[PDB]
Amino acid sequence: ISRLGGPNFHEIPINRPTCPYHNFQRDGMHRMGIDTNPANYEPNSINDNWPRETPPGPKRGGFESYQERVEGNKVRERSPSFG
Amino acid sequence: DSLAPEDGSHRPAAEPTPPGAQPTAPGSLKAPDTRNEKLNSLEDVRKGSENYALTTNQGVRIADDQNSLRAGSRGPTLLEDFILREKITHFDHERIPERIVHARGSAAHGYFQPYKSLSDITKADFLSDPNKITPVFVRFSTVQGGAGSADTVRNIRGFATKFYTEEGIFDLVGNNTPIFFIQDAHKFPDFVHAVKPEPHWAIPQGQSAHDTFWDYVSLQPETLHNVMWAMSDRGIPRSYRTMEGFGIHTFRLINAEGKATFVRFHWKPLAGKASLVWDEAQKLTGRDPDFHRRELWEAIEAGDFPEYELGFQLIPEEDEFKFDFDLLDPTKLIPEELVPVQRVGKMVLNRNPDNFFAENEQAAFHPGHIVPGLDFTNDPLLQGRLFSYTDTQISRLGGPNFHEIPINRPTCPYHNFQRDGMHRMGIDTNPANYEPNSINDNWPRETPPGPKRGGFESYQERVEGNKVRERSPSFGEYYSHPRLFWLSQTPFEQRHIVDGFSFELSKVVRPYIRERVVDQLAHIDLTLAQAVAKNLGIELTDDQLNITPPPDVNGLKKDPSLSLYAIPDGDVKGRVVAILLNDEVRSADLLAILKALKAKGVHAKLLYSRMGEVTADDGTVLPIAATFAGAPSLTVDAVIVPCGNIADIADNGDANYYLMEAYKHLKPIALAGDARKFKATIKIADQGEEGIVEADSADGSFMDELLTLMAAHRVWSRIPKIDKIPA
Amino acid sequence: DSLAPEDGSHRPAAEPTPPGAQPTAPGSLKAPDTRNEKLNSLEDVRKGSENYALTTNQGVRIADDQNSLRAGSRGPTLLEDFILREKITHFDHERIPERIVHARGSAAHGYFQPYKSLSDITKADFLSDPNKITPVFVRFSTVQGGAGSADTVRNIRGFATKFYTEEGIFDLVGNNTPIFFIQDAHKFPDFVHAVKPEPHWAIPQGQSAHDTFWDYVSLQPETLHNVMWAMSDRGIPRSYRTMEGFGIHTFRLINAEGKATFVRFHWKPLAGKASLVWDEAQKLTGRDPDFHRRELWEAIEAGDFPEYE
Amino acid sequence: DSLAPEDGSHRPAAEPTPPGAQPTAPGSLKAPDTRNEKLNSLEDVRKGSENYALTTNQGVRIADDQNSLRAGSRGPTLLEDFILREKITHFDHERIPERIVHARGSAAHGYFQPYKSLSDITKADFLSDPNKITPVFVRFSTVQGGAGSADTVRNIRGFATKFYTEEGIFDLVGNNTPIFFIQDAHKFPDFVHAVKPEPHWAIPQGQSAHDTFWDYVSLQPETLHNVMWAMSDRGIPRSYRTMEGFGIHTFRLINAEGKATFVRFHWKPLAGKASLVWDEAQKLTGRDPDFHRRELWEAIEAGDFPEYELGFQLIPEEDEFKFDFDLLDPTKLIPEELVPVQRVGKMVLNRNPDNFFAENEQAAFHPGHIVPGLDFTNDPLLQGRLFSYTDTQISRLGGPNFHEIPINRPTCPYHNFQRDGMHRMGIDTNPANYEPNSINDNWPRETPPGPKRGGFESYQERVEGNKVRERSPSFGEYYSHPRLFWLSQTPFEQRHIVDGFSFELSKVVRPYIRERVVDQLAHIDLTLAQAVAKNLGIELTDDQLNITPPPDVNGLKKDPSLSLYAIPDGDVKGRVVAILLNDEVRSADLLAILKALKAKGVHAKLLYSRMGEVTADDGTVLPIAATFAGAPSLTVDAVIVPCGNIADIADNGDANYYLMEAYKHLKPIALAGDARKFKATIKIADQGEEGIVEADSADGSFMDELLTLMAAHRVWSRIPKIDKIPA
Ligand code: HEM
Ligand code: HEM
Ligand code: HEM
């Protein structure tokens, strides 16, 4: 954000995905993309909710975190196993 | 040089004066002996003016600040004019990004003190002793509009307090309603994009009355509770002095024993609760878009300091699951009938800033700024807030040293190993910039948590679950709190809610959105749903008519603590009366009027059809503050018309309009003697009407009646009668 | 999803429609057949939306755009939630500084064409051929208020035209009166500080009706000419369509022979000149602070294109 | 924790100490008693450390600065960890853009004082009284490379002086040669782009030895003058204390009567002029890229304060056109034989900064910062500079309030009507932010110009001509000044210039560029051009051999002030000697060596094959400063090898290479007793050689002889002899 001058660093040519990117983020310094989506929020009806969430699955699916089990108290502590 | 007048009209008195009596001024010049530890510590950066030479920023004296350097007096401007370029450069760079939300806000300095030591429930140092005075800087705001938008919009309001404590800055960043629109911070950009001006054309400014906002609400029923509040008169406060504050989230208090108590924060306005009515607020956005900013500043200048009582709703850790809502759900309020607010301390705002930009615009409040004795909870809205406020400040205030901007500085010591960053002020002398180090004997050093002056340690809450992006099922109830709020409102408050929904939804262009909203209302209350439907030309279906009302909240149907007005707490000190003058006023009326107002600390403004002065029957020279059209009734709490040559004004279209408007807006009107000729313009019958004061003259009883009306704020009984006046 | 209505009435008609008949829309969705060279060259940065998956800016498809990642469904949000942090980060950084002056403004695309070749008096390419069409972008504005202030204030108005010519960008940066308040640029910060909200309390917005402005004026009689314009109904135009524009300064035209001619620039509203009255303008700042922005947008959507000579 | 050693040895003595004796430290800790007005004014932002608790930036004490907050000690890190996030946020945002040029530089605090009042020629307050002391801050720099590049590159050096005067900041922003490369500021991006790393791959750092530089030079002969200076040993100074300084441009002095005198600024090093040799400089960029930065700091810690004398070349307005060259042409120097330098005052640099980033990196110097008594001229390079420094500072330092960053602040009053901008520190209380105003009686006010404390008014120079983009024909001569410089150099200086051109052009990949430069050299001097050609395998054509040499400069063939060495000025104080130890050193030799060096303020470093201690013949325990490989001969000015058990080190290749390197780089070497066994490594004849000091012992004249050589800096007569040695 400071080094590249703002939140549109992904629009700097070397950083750009070659695959599709579409979402409801807008504005920021040096904004290159001109969004035509009538909607900048979801859920929306005015654009039939596009672009849409995608369920996870075997290929071309949405990102879902592995549901790791977390069990512990809130601590600032180094694990004994690291010592 | 010799430009000020020799009489000295140019410079306001360094002493409390009523609104409009003197030109307003920087706080340090207006009240140079109002002091607190923060205000004193800002003295190193305060810059004066008088008797100094005009210079560049480099300290070079300027000879001619009227002209560029050119080759010949009609020639081209020269690149070597460093005086011009410095001056234009600084101008060209004055602006910084406004806040993403709450850009529009007004701020003041003050102090807080507790009523008693709270050490049984929290080790927070600022709450440990009633003699501990904590300086505060408080900023009130709207939500949606830009920094240049209007004050009396319909909006939630922001109420942010920076406590400069001896153990760290604590920012309590709250709003004027006890819940928020959404449950999880991940949705904040969606909600805020929906409410903000629409992205193709950037309209409308400062209004939720447009398609995208109601589209989102209609699709996200969690929003309905706060939408209810916004549509009520809560959304249009009379002044920042007369609204409540809430932290919204459940936080924790942590005592020296390490016991955690759940807490929700409250601010109670000691002036009492009071709101405008919609038409008055909307008109006020056009006549004075600075109305609330002005009202705050002038209240402080007059000595009418905004005062608030800090209150805590306290819930034992073992009571976490004892309600039929989730304590961690920020769309749910805790009804005061179930958990009372313990009155904990008082905050007084008693000094305006010196420079709006330096102190208000650059101030940085963040709810993550807590101190030992306080802690967070898992509220998923609060959790995400913790990331945002730090992050946004990096661009808005130009880098990671924003805490060195004077207004933001702690008054207490700060020492750590952090270095550099844009505009670094502090020059560090520590041999070491890392720890652990031997080369400076490890200083500055960590401090173990403790009862007092201890280091921060988080409360060791048990976390048990899988890594999931999932809304807790406990949060999945959307209607019962909107209902509790609705049932708690007076009939005139309910009608104003109906009117707010009806007015907003009428501006929504896609009819299907209006219908989907009315459907949601039908899940809350049928009377509300029908009243709004009727104003929209919508007919509820068979099905909609038969939607079962949501259940009570722990057996509560209503809670009068949620109404603005149900329980009297009205107060007149600092309110304002317009007095309509004529060319020969009955001096005796004026003396009695002014004496009674002064007694109660109510201010007056003397209005006529031109500036200057009129003379009272007995040669008393009366100065006019403004014209009828120049200071409309919108800006006052009541209107009194005294006796005299009423023919001078009884045909004045503006004089009549003034009264018609005040009448429409349910304001107390008092008519003395020949002032009663005006009764015709507002169609009042001879036997009177409750809320209109009329006597032969402006006697002591006449003023008493008027001040009683003013303490009840507005004349709610008049509502069925305002239909039939064209104003 | 099932989210749009079945009858398709969420969507404005892609054809000229009168004010209030349809919801307003982005220009290229509203009027997809309108084109000029500049609008065509913007096509490489236009971003659509229909039928695309919701992604991060790195192109990663998002599954749940309703929730933060937490340890347990009532637990703490985790620092590893990079979808949440990217989204909030971009939100957190949306704003840029507003313009120092003329922050409040409304703009549209269009085109310019000269009536005849002016090669006898200027070598400027955009004026060399009645067939030469030059795209433009024009922003109209007030002066004093912030980007979030009201349209129908009493103010001078800005009228700025960016001409995308074949020999460079020419910006004609004008106002709606033929003169300015001050004579020398050195005093600009003085005059603008005087008119802007006063530094102690930041009041009033969008209004010259306060002490410091009139202080400055009283002490600097050169300001009186533009002040007369501002106090007239010129200060409250009915719409940007019915005001004049002026470059104010004398500039030069230079022809191929090297001959200079002094020139002052003018815009004539082909819709004619028209203003509000003060009470109507002030009330409108309250009822519709976006009245001029809306008027401009809706005229264009209706096909009442603003025209200027 | 309690982490320092019990002896208190982690802490350097707050007293002057030789280089390497104690750990270096922040200036205010090292020299707490060294004060001036500016240093005192910075106290307000100096931050200590000792005995303070470690906090956040908000002043909250941290308990555990070793760990993030996680759910379980092996669990995920939690977003609520505000302490982690503030800490990483600050770190993440530490960097700011480096300076576009002169990014690499080293700086110190000091003071200036004039020898006598210059009131007759200038009303500049800082030059008005010999008892008036002006705080300064000075930064010396290279030109091309980034802030992390090496010190001892071949480059022009920057010499920038911020004078904190009572009537404003005056920045004198000069270089170490009296001309610049180009004539008009419009070409600065072209020249700088040509010399900087090439844009496809960003190579090479810190070097002009690449194609684009020499391409530009070959096409722009105006550059040749400064290029001659860069290729001479001027381009590789021994240290910032031993180079000259120049303002380059003609400026004006203006006295109280309004008379303008043309002036060029000079700094004379009181330590004398001295440079490295190229092979030594290049190797030093590898072995110690911070050599000049280190040398500056340690000189100051030692008490060898860098001192410079300010001098003016003064030319009457009537003599503007009396030279073969144009006074306004920054590619031309003014020969001291034609216009002497008049001594003006003395500047002493006597305190290091506390924090390099805060004071050095954020310092902002700009040659437009002048004061009444000074003015500009139409020099077209200067004229463009006035635009650039202001502009670039707005991004580098993050907005228009850079003058509020502590190092940049005037010590004198600064007041004006400028407001806001990012990072605004000053809180203005003036009711007025514009002039003319009546509301503050027009304060701060303009001040007319006058003899003292007056407003700035530009000298009313006549301007006459058309608006043109045109180089003055008076500027169109490129070769006579290069030739003047060339002819003033000693034979060994000339050889070094040939070698510099030869080495640089050999790195140019395109042979035609080498040819083009050689052709330019043939316009300057045939001997120069032939010698460079020979080194490049190029043959001059008959046409090139016949190019007539450029005319003399106003009848001057040479001017010895242009040589580094032609007129000795050899100061030995602050220089340093390597002493190569063995495991049984003659303690008598060492007493004699160390005491003689100390008496002259010459430093020593005791070197060995390992660290720790060695014990001398008589039991004296000798602490080892560094190893032979660790502190190579590059870093010292001479080498002494005392007597003892030489067999201990005669076999040590490092010890031999130490002498061979020192020998090759023309440094004095002294060998006592059996140390003379090392004569064979460096092929010294039995009878001896000028530049090698040898005796049975270090007694008698041994140390005087060595010190005499050190005063002459290097052993130039040794040059024919080094060609052979393999080092
Ligand atoms: C309980 C709900 C919330 C309340 C009571 C609240 C309150 C406020 C207030 C009063 C301000 C203005 C502070 C000032 O006067 O300077 C503000 C600003 C802000 N809010 Fe919140 N807010 C809420 C939700 C959120 C959420 C969920 C986010 C993001 C995830 C967020 C992000 C921001 C940001 C970025 C600003 C601007 C901060 C600055 O520029 O300094 N808010 N909020
Ligand atoms: C003939 C008198 C002037 C006219 C007609 C004029 C007109 C305008 C207009 C129409 C704009 C807004 C352009 C837009 O829509 O973005 C503007 C902006 C601006 N003007 Fe001028 N102006 C005048 C005088 C000045 C002077 C004397 C200065 C400074 C010395 C100045 C500095 C600025 C700046 C800093 C902006 C904001 C530019 C930006 O952020 O892009 N103006 N002016
Ligand atoms: C007589 C010829 C010149 C001399 C003696 C000179 C000297 C210097 C010095 C010593 C510095 C570094 C100051 C410091 O230590 O921070 C510097 C920086 C700089 N120079 Fe110049 N320079 C010359 C020509 C120019 C020209 C023609 C330009 C552009 C028009 C220019 C633009 C800059 C800029 C942008 C910086 C960085 C300033 C900053 O970031 O604060 N220089 N120069």
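Throughout, chain B uses Swiss-Prot numbering, with the displayed residues spanning 27-753 in order.
We read in the header that X-ray crystallography, 1.9 Å was used to get this structure.
Cβ atoms are placed via backbone N, Cα and C, with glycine included.
Quick look at what Swiss-Prot lists:
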- B:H128: active site (ACT_SITE)
- B:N201: active site (ACT_SITE)
- B:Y415: heme binding site (BINDING)
- B:459-493: region 'Disordered' (REGION)
Interface-adjacent recorded positions, chosen from B:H128, B:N201, B:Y415 when a CB lies under 8 A of chain D: none
Residue with minimal Cβ packing [other Cβ atoms within 10 Å] among the recorded positions B:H128, B:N201, B:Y415: B:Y415
Is any of B:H128, B:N201, B:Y415 (recorded positions) within Cβ reach of ligand 3, i.e. under 6 A, and which? none
Could you tell me the C-alpha distance between the residue listed as 'heme binding site' and B:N201 (active site) in angstrom, no decimals? 15
One should report the C-alpha separation between B:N201 (active site) and B:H128 (active site), rounded to whole angstrom, as 10
In three-state DSSP terms, B:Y415 (heme binding site) is classed as helix
